[PDB]
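A.B. asks: I'd like to ask some things about the structure below.
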There are 2 protein chains.
Amino acid sequence: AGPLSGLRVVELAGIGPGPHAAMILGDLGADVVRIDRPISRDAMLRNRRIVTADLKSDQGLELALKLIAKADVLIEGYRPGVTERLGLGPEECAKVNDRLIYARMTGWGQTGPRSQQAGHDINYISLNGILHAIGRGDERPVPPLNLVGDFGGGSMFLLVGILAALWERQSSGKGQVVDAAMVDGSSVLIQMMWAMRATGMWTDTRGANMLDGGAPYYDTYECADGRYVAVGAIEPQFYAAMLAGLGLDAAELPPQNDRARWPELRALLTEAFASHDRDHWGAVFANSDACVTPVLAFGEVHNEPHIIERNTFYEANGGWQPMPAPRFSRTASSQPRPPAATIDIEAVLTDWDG
Amino acid sequence: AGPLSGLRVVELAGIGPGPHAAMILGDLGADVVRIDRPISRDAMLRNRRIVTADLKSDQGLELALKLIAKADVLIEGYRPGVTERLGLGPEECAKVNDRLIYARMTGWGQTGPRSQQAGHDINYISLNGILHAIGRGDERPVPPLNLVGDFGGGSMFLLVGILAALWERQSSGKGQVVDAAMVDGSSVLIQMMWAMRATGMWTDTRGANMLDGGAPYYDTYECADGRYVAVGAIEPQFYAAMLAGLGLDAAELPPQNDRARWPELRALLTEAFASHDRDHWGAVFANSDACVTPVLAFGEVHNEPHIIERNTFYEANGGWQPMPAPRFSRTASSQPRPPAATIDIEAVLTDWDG
Ligand SMILES: CC(C)Cc1ccc([C@@H](C)C(=O)SCCNC(=O)CCNC(=O)[C@H](O)C(C)(C)COP(=O)(O)OP(=O)(O)OC[C@H]2O[C@@H]([n+]3c[nH]c4c(N)ncnc43)[C@H](O)[C@@H]2OP(=O)(O)O)cc1
Ligand SMILES: CC(C)Cc1ccc([C@H](C)C(=O)SCCNC(=O)CCNC(=O)[C@H](O)C(C)(C)COP(=O)(O)OP(=O)(O)OC[C@H]2O[C@@H]([n+]3c[nH]c4c(N)ncnc43)[C@H](O)[C@@H]2OP(=O)(O)O)cc1
């Protein structure tokens, strides 16, 4: 029901970014067909049809090619060379479908000294300065889950590449190959820090900057009950609203941006936030511009009113799952269809007319 | 001359996710005109034309609308209602140009108890379970910069929304409004953890999961020189390669996935990595499938061979900046044009024939 209704996608079963990108297309209305080796409980595989094929066999290669012959997009996330040796590489695909957006999702890229090397998110972000910048200054870097490599700088860039190439195709009449490497996407994801580095506004010191937990006004605080609030009161007026709620006299504190006294500032705020429960502060700052919010664990998210009101999550069999994003005023997406039984590839071919 | 060459984008100057989305469009060849309030050293403002106008005045509003009538996309990132009051709301823009993709970038969304409330990245990810999940278990949550709210679940979702709507526009001949809320995008960004929580494969316990630093084989380790390597050896055979490079006898270690013995495994690995310098580990692995990589600080990145060969970065003046991502085989993106002097708004309108 979304904006991508009409769009046909072949997804070669992979892990991490590939399936995430395929899920978002499906979310937004795309007809995604995932080819697996010969009924799912991975919510990630919502909004598909699943077929099965041995791509190492003559019959399996031939069917996949018939399916690809009728697709708009192909998603693959294997090592470079893998689809080639299978006979499903870009050059082989062009012979059956020159309108195909051949989307290749990797960590290191299609080429380069590391392109044949195994890796995971933490590796791609360690090589480009990102991982080094995450965590407290007094200890080793901490991975920001696999949000930055696999998803933010991964599947999200594959998607931009895919949708950008479809725009191109409206005038060229032709597809092309999208080489989405997590080491690249994630660097453009963090371009703000690269920009700020050049103007003296970000340093290579972990835990000592405006947005990394270094600023007492941009960090979490432990409250009386061991639970946490997030403070993000960057602007002076929001910061002022923040002090007031805490019952602190501004004239008694160090200036917000005297970094020399940041330890003193943080200590006073720590004492303030520790004096009451997280839910107390959420009540104090409920409607304010203080940029103070309760840090909710996954299990609690479903009870937060702004989360509820906006239907950010739906209940899908044994748990909450995020509704599609972003939102569209005219061609709104449907609630995702759950993973179902595998179906006959020929039936998919029949549907598509292949 | 990237794939979005031809696309016309009016960007109403803002902070964080909006400019980043506009940057990525321009990176990929879009004609982006940024209207600012009346030459930059924010490399983030690369690939633009900058014009200036007073949107509150009769005249400034008039020109902005003339610009908008000739555009494909409008990006705005203010509080809901702001453009409405200016006379640049979706309904007003529709009257001049019903093909316009009106892209509204916010943290809380257009509607809901928090839609009028101030906030920043940290606040949006505090409300949807994300920030709670980030950092060591024994400490308060750490913010993963503004990578997940502003960018990964922010600009990136705005971008996917923009390009999805353009796809739909081919059929309907019409545009629509994209409501891109960081609270929504970041939740879809983290869909994997929502999926896993439902099958017992992820817990709300910070720092005690497979991908959050909890697993000894998926975390950083400090080396003899006080620098760090990242270990990402999820699969048995990568883990096995990792142990072989360390000179550890697997028969003498606890099993990779015996969680009960993780502290013991981590102590053994800690002791090993601490015995030589990062660049020694750098060299011992460097080539293998051990998923061990050096943790490079921003300042070191430009010296890494894989970074160099693939031209992930370019030198702007005074520093390295990320080249466009992802990459396109046929319509390759140009090296970004640096920020230039403000252009005359009438001159852009002349260009666009507006
Ligand atoms: C120093 C920083 C740059 C570095 C930095 C970078 C990144 C970050 C991260 C952490 C962030 O999250 S930043 C993003 C913050 N949040 C969002 O974008 C969510 C949606 N936005 C908002 O809620 C708000 O815009 C907010 C960011 C909180 C700021 O609130 P605000 O009251 O200052 O602004 P507002 O959007 O409510 O209203 C805008 C105001 O300006 C006016 N305006 C705009 N353009 C023009 C123009 N060309 N000519 C004349 N007037 C103009 C509008 O009329 C409007 O006024 P009005 O009286 O109608 O409210 C933090 C800091
Ligand atoms: C939590 C769980 C649920 C999800 C999850 C999400 C994310 C993550 C982490 C954090 C990640 O980062 S995942 C993404 C990691 N990196 C990448 O994707 C980058 C690109 N990929 C790669 O380099 C590799 O595929 C890598 C992931 C490192 C694994 O290496 P590998 O040797 O196992 O894989 P490979 O690509 O070299 O080989 C593919 C192999 O599969 C075969 N294949 C495919 N389809 C079929 C079929 N239908 N029938 C028969 N055979 C088939 C191919 O022929 C090929 O074999 P080959 O002869 O080429 O070795 C982990 C798990």
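Residue names in the structure tokens use chain letters A, B, ... in the order shown, residue numbers from 1 in each chain, and ligand numbers from 1 in the order shown.
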Report as number ranges by chain: the residues of segment 7-215 of chain B with a DSSP assignment of helix (DSSP H, G or I), based on the backbone of this structure.
C.D. replies: B: 17-27, 43-45, 58-68, 82-86, 90-96, 121-126, 131-133, 147-172, 182-189, 191-197
A.B. asks: Report as JSON, numbers by chain all protein, DNA and RNA residues lying within 7 Å of residue 338 of chain B, evaluated on only C-alpha atoms, omitting residues in the same chain fewer than 6 positions from it.
C.D. replies: {"B": [43, 46, 47]}
A.B. asks: Once you have the residues from the selection above, write them out as a compact mmCIF listing (two decimals), in the first residue's frame, restricted to N, CA, C and O atoms.
C.D. replies:
# COMPACT_ATOMS: atom_id res chain seq x y z
N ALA B 43 32.01 21.69 5.58
CA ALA B 43 32.13 20.83 4.43
C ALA B 43 30.84 20.06 4.26
O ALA B 43 30.66 19.40 3.23
N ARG B 46 28.70 21.10 1.33
CA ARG B 46 29.22 20.79 0.02
C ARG B 46 28.07 20.50 -0.95
O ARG B 46 26.96 20.12 -0.51
N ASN B 47 28.33 20.68 -2.24
CA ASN B 47 27.35 20.38 -3.30
C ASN B 47 26.04 21.14 -3.14
O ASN B 47 24.97 20.54 -3.16
A.B. asks: Need the shell around residue 322 of chain B: protein/DNA/RNA residues with any atom at most 7 Å away, counting only C-alpha atoms. Skip same-chain ones fewer than 5 positions apart. Format as a ChimeraX atom specification?
C.D. replies: /A:187-188,191 /B:312-314
A.B. asks: In segment 56-282 of chain B, what's strand (DSSP E) per DSSP? Answer as a ChimeraX atom specification?
C.D. replies: /B:73-76,101-106,176-181,218-222,228-232
A.B. asks: Excluding residue 212 of chain B and any residue of its chain fewer than 3 positions from it, enumerate the residues within 12 Å of it, using only C-alpha atoms, and give them as an mmCIF file with N, CA and C atoms, in the first residue's frame.
C.D. replies:
data_model
loop_
_atom_site.group_PDB
_atom_site.id
_atom_site.type_symbol
_atom_site.label_atom_id
_atom_site.label_comp_id
_atom_site.auth_asym_id
_atom_site.auth_seq_id
_atom_site.Cartn_x
_atom_site.Cartn_y
_atom_site.Cartn_z
ATOM 1 N N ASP A 121 30.324 -5.900 11.167
ATOM 2 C CA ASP A 121 30.180 -4.480 11.457
ATOM 3 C C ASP A 121 31.363 -3.848 12.248
ATOM 4 N N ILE A 122 31.677 -4.427 13.409
ATOM 5 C CA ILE A 122 32.703 -3.839 14.296
ATOM 6 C C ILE A 122 34.029 -3.614 13.571
ATOM 7 N N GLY A 135 32.192 5.521 23.172
ATOM 8 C CA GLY A 135 32.466 4.985 24.509
ATOM 9 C C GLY A 135 33.020 6.039 25.434
ATOM 10 N N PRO A 141 37.007 1.262 23.386
ATOM 11 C CA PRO A 141 35.780 1.584 22.630
ATOM 12 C C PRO A 141 34.703 0.526 22.771
ATOM 13 N N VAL A 142 33.438 0.929 22.688
ATOM 14 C CA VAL A 142 32.333 -0.028 22.796
ATOM 15 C C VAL A 142 31.573 -0.015 21.459
ATOM 16 N N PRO A 143 31.189 -1.199 20.960
ATOM 17 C CA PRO A 143 30.412 -1.164 19.721
ATOM 18 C C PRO A 143 29.019 -0.624 19.962
ATOM 19 N N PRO A 144 28.569 0.246 19.060
ATOM 20 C CA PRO A 144 27.225 0.802 19.077
ATOM 21 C C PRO A 144 26.289 -0.225 18.430
ATOM 22 N N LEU A 145 26.166 -1.386 19.078
ATOM 23 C CA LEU A 145 25.603 -2.593 18.437
ATOM 24 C C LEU A 145 26.132 -2.700 16.982
ATOM 25 N N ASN A 146 25.295 -3.195 16.070
ATOM 26 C CA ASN A 146 25.673 -3.184 14.673
ATOM 27 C C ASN A 146 24.770 -2.163 13.952
ATOM 28 N N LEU A 147 24.478 -1.052 14.628
ATOM 29 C CA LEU A 147 23.626 -0.021 14.051
ATOM 30 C C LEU A 147 24.279 0.855 12.982
ATOM 31 N N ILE B 130 16.773 2.258 22.402
ATOM 32 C CA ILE B 130 18.088 2.174 21.746
ATOM 33 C C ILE B 130 19.220 2.537 22.686
ATOM 34 N N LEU B 131 19.154 3.740 23.233
ATOM 35 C CA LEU B 131 20.259 4.239 24.036
ATOM 36 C C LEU B 131 20.446 3.319 25.239
ATOM 37 N N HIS B 132 19.341 2.834 25.799
ATOM 38 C CA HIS B 132 19.453 1.921 26.940
ATOM 39 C C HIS B 132 20.396 0.716 26.649
ATOM 40 N N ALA B 133 20.411 0.323 25.386
ATOM 41 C CA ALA B 133 21.110 -0.882 24.892
ATOM 42 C C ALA B 133 22.579 -0.646 24.603
ATOM 43 N N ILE B 134 23.059 0.611 24.733
ATOM 44 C CA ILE B 134 24.408 0.976 24.262
ATOM 45 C C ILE B 134 25.388 1.293 25.416
ATOM 46 N N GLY B 135 26.543 0.630 25.436
ATOM 47 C CA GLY B 135 27.517 0.907 26.498
ATOM 48 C C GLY B 135 27.857 -0.301 27.319
ATOM 49 N N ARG B 136 28.769 -0.154 28.288
ATOM 50 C CA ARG B 136 29.033 -1.275 29.194
ATOM 51 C C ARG B 136 27.922 -1.478 30.204
ATOM 52 N N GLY B 137 27.732 -2.747 30.576
ATOM 53 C CA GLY B 137 26.742 -3.162 31.560
ATOM 54 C C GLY B 137 26.891 -2.546 32.943
ATOM 55 N N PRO B 141 24.267 4.343 30.310
ATOM 56 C CA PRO B 141 24.309 4.266 28.843
ATOM 57 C C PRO B 141 25.191 5.329 28.249
ATOM 58 N N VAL B 142 25.887 4.988 27.172
ATOM 59 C CA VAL B 142 26.687 5.975 26.461
ATOM 60 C C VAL B 142 26.076 6.310 25.104
ATOM 61 N N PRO B 144 25.873 6.881 21.219
ATOM 62 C CA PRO B 144 26.708 6.507 20.089
ATOM 63 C C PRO B 144 26.805 7.695 19.117
ATOM 64 N N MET B 193 17.033 -6.149 16.555
ATOM 65 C CA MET B 193 17.007 -6.422 17.987
ATOM 66 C C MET B 193 15.589 -6.689 18.453
ATOM 67 N N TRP B 202 17.957 -11.883 22.114
ATOM 68 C CA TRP B 202 18.467 -10.590 22.609
ATOM 69 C C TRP B 202 17.821 -10.257 23.949
ATOM 70 N N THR B 203 18.600 -9.713 24.894
ATOM 71 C CA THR B 203 18.041 -9.355 26.201
ATOM 72 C C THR B 203 18.170 -7.848 26.422
ATOM 73 N N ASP B 204 17.355 -7.279 27.325
ATOM 74 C CA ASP B 204 17.396 -5.825 27.661
ATOM 75 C C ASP B 204 18.550 -5.508 28.606
ATOM 76 N N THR B 205 19.339 -6.529 28.932
ATOM 77 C CA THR B 205 20.478 -6.366 29.835
ATOM 78 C C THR B 205 21.641 -5.757 29.058
ATOM 79 N N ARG B 206 21.976 -4.524 29.380
ATOM 80 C CA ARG B 206 23.041 -3.824 28.663
ATOM 81 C C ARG B 206 24.400 -4.516 28.796
ATOM 82 N N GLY B 207 25.146 -4.574 27.694
ATOM 83 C CA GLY B 207 26.489 -5.109 27.643
ATOM 84 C C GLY B 207 26.567 -6.608 27.879
ATOM 85 N N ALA B 208 25.486 -7.338 27.655
ATOM 86 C CA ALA B 208 25.559 -8.793 27.854
ATOM 87 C C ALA B 208 24.877 -9.533 26.737
ATOM 88 N N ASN B 209 25.104 -9.064 25.508
ATOM 89 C CA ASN B 209 24.557 -9.708 24.324
ATOM 90 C C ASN B 209 25.636 -9.998 23.266
ATOM 91 N N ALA B 215 30.049 -10.356 24.178
ATOM 92 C CA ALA B 215 30.714 -11.563 23.715
ATOM 93 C C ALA B 215 32.190 -11.264 23.547
ATOM 94 N N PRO B 216 33.079 -12.097 24.135
ATOM 95 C CA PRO B 216 34.537 -11.887 23.995
ATOM 96 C C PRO B 216 35.036 -11.867 22.548
ATOM 97 N N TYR B 217 34.290 -12.466 21.632
ATOM 98 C CA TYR B 217 34.691 -12.542 20.251
ATOM 99 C C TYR B 217 34.062 -11.450 19.426
ATOM 100 N N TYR B 218 33.375 -10.515 20.073
ATOM 101 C CA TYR B 218 32.796 -9.382 19.373
ATOM 102 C C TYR B 218 32.936 -8.135 20.257
ATOM 103 N N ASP B 219 34.150 -7.600 20.311
ATOM 104 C CA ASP B 219 34.473 -6.499 21.235
ATOM 105 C C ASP B 219 35.873 -6.044 20.883
ATOM 106 N N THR B 220 36.275 -4.894 21.421
ATOM 107 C CA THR B 220 37.641 -4.403 21.281
ATOM 108 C C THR B 220 38.483 -4.883 22.448
ATOM 109 N N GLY B 232 35.775 -9.478 15.617
ATOM 110 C CA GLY B 232 34.410 -9.700 15.151
ATOM 111 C C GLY B 232 34.164 -11.136 14.703
#
A.B. asks: When the cut-off is 6 Å and you count only C-alpha atoms and all ligand atoms, which residues lie near ligand 2, shown as a list in words?
C.D. replies: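 So the residues close to ligand 2 are residues 15, 16, 36, 37, 53, 54, 55, 56, 77, 78, 79, 82, 86, 106, 107, 118, 119, 120, 121, 146 and 150 of chain A.
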A.B. asks: What are the closest atom pairs, with distances in Å to one decimal, for all residues of chain A lying within 8 Å of ligand 1? Consider only C-alpha atoms and all ligand atoms, order rows by chain and residue number, and present the result as a tab-separated table.
C.D. replies:
residue	atom	partner	partner_atom_place_in_ligand_line	distance
A:192	CA	ligand 1	6 (C)	7.9
A:210	CA	ligand 1	62 (C)	8.0
A:211	CA	ligand 1	10 (C)	6.8
A:232	CA	ligand 1	10 (C)	7.2
A:234	CA	ligand 1	62 (C)	6.6
A:235	CA	ligand 1	1 (C)	7.9
A:289	CA	ligand 1	28 (C)	7.9
A.B. asks: Of the candidates A:337, A:85, A:99, A:327, which one gets nearest to chain B if we count only C-alpha atoms?
C.D. replies: A:327
A.B. asks: So how far away is atom CA of residue 21 of chain B from atom CA of residue 124 of chain B, in Å?
C.D. replies: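 About the pair atom CA of residue 124 of chain B and atom CA of residue 21 of chain B: they are 18.1 Å apart.
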A.B. asks: Using only C-alpha atoms, which of B:31, B:309, B:92, B:279 sits nearest chain A?
C.D. replies: B:309
A.B. asks: Excluding residue 2 of chain B and any residue of its chain fewer than 5 positions from it, enumerate the residues within 10 Å of it, using only C-alpha atoms, and give them as a list in words.
C.D. replies: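 Residues near the query, excluding close chain neighbours: residues 164, 165 and 168 of chain A; 25, 26, 27, 28, 29, 30, 324, 327, 328, 329, 330, 331, 332, 333 and 334 of chain B.
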A.B. asks: Counting only C-alpha atoms, what is within 10 Å of segment 171-179 of chain A, bar same-chain residues fewer than 2 positions away, as an MDAnalysis selection string?
C.D. replies: (chainID A and resid 72:75 90:91 94 97:106 109:111 157:162 164:169 181:182 184) or (chainID B and resid 3 6 325:332)
A.B. asks: Output the selection as a compact mmCIF listing (two decimals), in the first residue's frame - N, CA and C atoms for each residue.
C.D. replies:
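Output file part_35.txt is given in full below:
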# COMPACT_ATOMS: atom_id res chain seq x y z
N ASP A 72 13.08 -5.61 -10.90
CA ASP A 72 13.61 -4.25 -11.05
C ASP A 72 14.95 -4.18 -10.35
N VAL A 73 15.03 -4.93 -9.27
CA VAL A 73 16.16 -4.84 -8.35
C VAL A 73 16.59 -6.26 -7.98
N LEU A 74 17.90 -6.44 -7.85
CA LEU A 74 18.50 -7.64 -7.27
C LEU A 74 19.38 -7.24 -6.09
N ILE A 75 19.18 -7.88 -4.93
CA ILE A 75 20.04 -7.63 -3.76
C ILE A 75 20.90 -8.86 -3.47
N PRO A 90 26.73 -9.58 -12.44
CA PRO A 90 26.11 -8.48 -13.16
C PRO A 90 26.13 -8.63 -14.70
N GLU A 91 27.24 -9.14 -15.22
CA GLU A 91 27.40 -9.29 -16.66
C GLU A 91 26.44 -10.34 -17.20
N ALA A 94 22.82 -8.85 -17.20
CA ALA A 94 22.55 -7.86 -18.23
C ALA A 94 22.00 -8.49 -19.51
N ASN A 97 18.31 -8.90 -18.68
CA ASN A 97 17.60 -7.74 -18.11
C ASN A 97 18.52 -6.55 -17.91
N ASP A 98 18.66 -5.71 -18.93
CA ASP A 98 19.53 -4.53 -18.80
C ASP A 98 18.91 -3.38 -17.98
N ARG A 99 17.67 -3.56 -17.52
CA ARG A 99 17.04 -2.58 -16.63
C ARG A 99 17.28 -2.87 -15.15
N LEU A 100 18.02 -3.94 -14.88
CA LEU A 100 18.25 -4.39 -13.51
C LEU A 100 19.20 -3.51 -12.68
N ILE A 101 18.73 -3.12 -11.48
CA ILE A 101 19.56 -2.44 -10.47
C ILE A 101 20.17 -3.55 -9.65
N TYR A 102 21.47 -3.76 -9.85
CA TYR A 102 22.20 -4.88 -9.28
C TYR A 102 22.85 -4.31 -8.03
N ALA A 103 22.22 -4.56 -6.89
CA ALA A 103 22.66 -3.95 -5.62
C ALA A 103 23.53 -4.90 -4.84
N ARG A 104 24.79 -4.52 -4.67
CA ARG A 104 25.80 -5.36 -4.04
C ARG A 104 26.18 -4.80 -2.67
N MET A 105 25.82 -5.53 -1.61
CA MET A 105 25.96 -5.08 -0.23
C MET A 105 27.14 -5.78 0.45
N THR A 106 28.20 -5.02 0.71
CA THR A 106 29.42 -5.56 1.34
C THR A 106 29.93 -4.64 2.44
N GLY A 109 33.74 -3.47 0.26
CA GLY A 109 33.62 -3.02 -1.13
C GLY A 109 33.89 -4.12 -2.14
N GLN A 110 33.62 -3.82 -3.41
CA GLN A 110 33.83 -4.77 -4.51
C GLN A 110 35.31 -5.01 -4.83
N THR A 111 36.16 -4.04 -4.48
CA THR A 111 37.57 -4.10 -4.82
C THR A 111 38.42 -3.63 -3.64
N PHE A 157 22.37 2.87 2.94
CA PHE A 157 23.01 3.32 1.72
C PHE A 157 22.72 2.46 0.48
N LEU A 158 22.57 1.15 0.66
CA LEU A 158 22.11 0.26 -0.41
C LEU A 158 20.77 0.77 -0.92
N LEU A 159 19.85 1.05 0.01
CA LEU A 159 18.52 1.60 -0.32
C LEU A 159 18.59 2.93 -1.07
N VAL A 160 19.33 3.89 -0.56
CA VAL A 160 19.56 5.12 -1.32
C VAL A 160 20.12 4.82 -2.70
N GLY A 161 21.12 3.93 -2.78
CA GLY A 161 21.67 3.57 -4.08
C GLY A 161 20.61 2.98 -5.01
N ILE A 162 19.79 2.08 -4.47
CA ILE A 162 18.74 1.42 -5.28
C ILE A 162 17.71 2.41 -5.82
N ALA A 164 17.94 5.68 -5.91
CA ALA A 164 18.63 6.66 -6.77
C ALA A 164 18.84 6.15 -8.21
N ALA A 165 19.18 4.87 -8.34
CA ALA A 165 19.39 4.23 -9.63
C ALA A 165 18.08 4.06 -10.39
N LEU A 166 16.99 3.80 -9.66
CA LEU A 166 15.66 3.75 -10.30
C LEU A 166 15.25 5.12 -10.82
N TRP A 167 15.60 6.19 -10.09
CA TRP A 167 15.39 7.55 -10.61
C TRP A 167 16.18 7.72 -11.91
N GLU A 168 17.43 7.24 -11.92
CA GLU A 168 18.29 7.40 -13.10
C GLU A 168 17.63 6.71 -14.31
N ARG A 169 17.08 5.53 -14.04
CA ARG A 169 16.52 4.66 -15.07
C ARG A 169 15.32 5.26 -15.80
N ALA A 181 29.35 -0.24 0.17
CA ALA A 181 30.27 -0.79 1.15
C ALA A 181 30.08 -0.08 2.47
N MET A 182 29.97 -0.88 3.52
CA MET A 182 29.76 -0.36 4.83
C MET A 182 30.86 0.58 5.26
N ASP A 184 32.34 2.67 3.37
CA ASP A 184 31.99 3.94 2.74
C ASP A 184 30.75 4.59 3.39
N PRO B 3 23.79 9.61 -10.27
CA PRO B 3 22.46 9.15 -10.74
C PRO B 3 21.28 10.14 -10.51
N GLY B 6 19.78 16.04 -12.35
CA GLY B 6 18.45 16.44 -12.85
C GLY B 6 17.46 16.76 -11.74
N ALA B 325 28.79 8.04 -1.21
CA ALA B 325 28.43 6.65 -1.07
C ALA B 325 26.92 6.55 -1.31
N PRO B 326 26.46 5.40 -1.82
CA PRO B 326 27.27 4.32 -2.34
C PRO B 326 27.80 4.65 -3.75
N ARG B 327 28.37 3.65 -4.41
CA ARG B 327 28.99 3.84 -5.72
C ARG B 327 28.17 3.24 -6.85
N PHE B 328 28.23 3.87 -8.02
CA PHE B 328 27.37 3.52 -9.15
C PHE B 328 28.28 3.24 -10.31
N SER B 329 28.06 2.11 -10.99
CA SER B 329 28.97 1.67 -12.04
C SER B 329 28.90 2.51 -13.31
N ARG B 330 27.73 3.05 -13.62
CA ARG B 330 27.54 3.77 -14.88
C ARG B 330 27.50 5.29 -14.72
N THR B 331 26.71 5.76 -13.75
CA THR B 331 26.62 7.19 -13.46
C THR B 331 27.31 7.48 -12.14
N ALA B 332 28.64 7.47 -12.17
CA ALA B 332 29.46 7.72 -10.98
C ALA B 332 29.30 9.14 -10.50
A.B. asks: Determine, counting only C-alpha atoms, which protein, DNA and RNA residues have an atom within 10 Å of an atom of residue 296 of chain B; residues of the same chain fewer than 6 positions away are not included. Present the result as a list in words.
C.D. replies: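 The filter keeps residues 125, 126, 127, 128, 129, 130, 131, 132 and 133 of chain A; 227, 228, 229, 230, 278, 302, 303 and 304 of chain B.
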A.B. asks: Go ahead and save the residues from that selection, with N, CA, C and O atoms, as a short mmCIF file (atom, residue, chain, number, x, y, z; two decimals), in the first residue's frame.
C.D. replies:
data_model
loop_
_atom_site.label_atom_id
_atom_site.label_comp_id
_atom_site.auth_asym_id
_atom_site.auth_seq_id
_atom_site.Cartn_x
_atom_site.Cartn_y
_atom_site.Cartn_z
N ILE A 125 33.74 -0.47 10.99
CA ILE A 125 33.76 0.80 11.72
C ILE A 125 35.06 1.00 12.49
O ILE A 125 35.39 2.13 12.86
N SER A 126 35.83 -0.06 12.70
CA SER A 126 37.11 0.14 13.38
C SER A 126 38.16 0.77 12.44
O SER A 126 39.02 1.51 12.88
N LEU A 127 38.01 0.55 11.13
CA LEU A 127 39.00 0.96 10.11
C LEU A 127 38.85 2.41 9.65
O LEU A 127 39.74 2.94 8.98
N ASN A 128 37.71 3.03 9.98
CA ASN A 128 37.38 4.40 9.51
C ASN A 128 37.18 5.46 10.61
O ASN A 128 36.68 6.57 10.36
N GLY A 129 37.61 5.13 11.82
CA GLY A 129 37.69 6.11 12.89
C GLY A 129 36.46 6.19 13.77
O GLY A 129 36.47 6.87 14.78
N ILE A 130 35.38 5.52 13.36
CA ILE A 130 34.09 5.59 14.05
C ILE A 130 34.14 4.84 15.37
O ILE A 130 33.71 5.38 16.37
N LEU A 131 34.62 3.60 15.37
CA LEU A 131 34.54 2.80 16.59
C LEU A 131 35.39 3.46 17.69
O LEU A 131 35.00 3.47 18.87
N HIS A 132 36.53 4.02 17.28
CA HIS A 132 37.47 4.67 18.20
C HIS A 132 36.77 5.80 18.96
O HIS A 132 37.14 6.12 20.09
N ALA A 133 35.74 6.37 18.35
CA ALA A 133 35.12 7.56 18.93
C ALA A 133 33.93 7.22 19.82
O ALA A 133 33.36 8.11 20.43
N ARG B 227 46.62 1.09 22.45
CA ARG B 227 45.68 1.21 21.35
C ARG B 227 44.89 -0.09 21.31
O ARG B 227 45.07 -0.96 22.20
N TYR B 228 44.01 -0.21 20.32
CA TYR B 228 43.02 -1.27 20.35
C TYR B 228 42.85 -1.97 19.01
O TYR B 228 43.06 -1.36 17.95
N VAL B 229 42.43 -3.24 19.07
CA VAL B 229 41.98 -4.00 17.90
C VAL B 229 40.49 -4.28 18.10
O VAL B 229 40.02 -4.28 19.24
N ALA B 230 39.76 -4.52 17.01
CA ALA B 230 38.36 -4.99 17.10
C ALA B 230 38.34 -6.48 16.73
O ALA B 230 38.93 -6.88 15.73
N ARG B 278 49.21 -2.90 18.90
CA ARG B 278 48.14 -2.97 17.91
C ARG B 278 48.68 -3.29 16.52
O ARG B 278 48.17 -4.16 15.80
N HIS B 302 43.55 8.03 6.96
CA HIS B 302 44.05 8.36 5.62
C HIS B 302 45.32 7.57 5.26
O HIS B 302 45.74 7.56 4.10
N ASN B 303 45.92 6.91 6.25
CA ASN B 303 47.10 6.03 6.02
C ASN B 303 46.79 4.54 5.80
O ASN B 303 47.70 3.74 5.54
N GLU B 304 45.53 4.15 5.93
CA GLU B 304 45.19 2.75 5.80
C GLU B 304 45.04 2.35 4.33
O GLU B 304 44.22 2.93 3.60
#
A.B. asks: Return the single residue from A:199, A:138, A:340, A:256 that is closest to residue 226 of chain B, with distances computed using only C-alpha atoms.
C.D. replies: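 That would be A:138, the residue with the smallest distance to residue 226 of chain B.
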A.B. asks: With only C-alpha atoms as the atoms that count, which of A:240, A:44, A:33, A:343 lies nearest to chain B?
C.D. replies: A:44
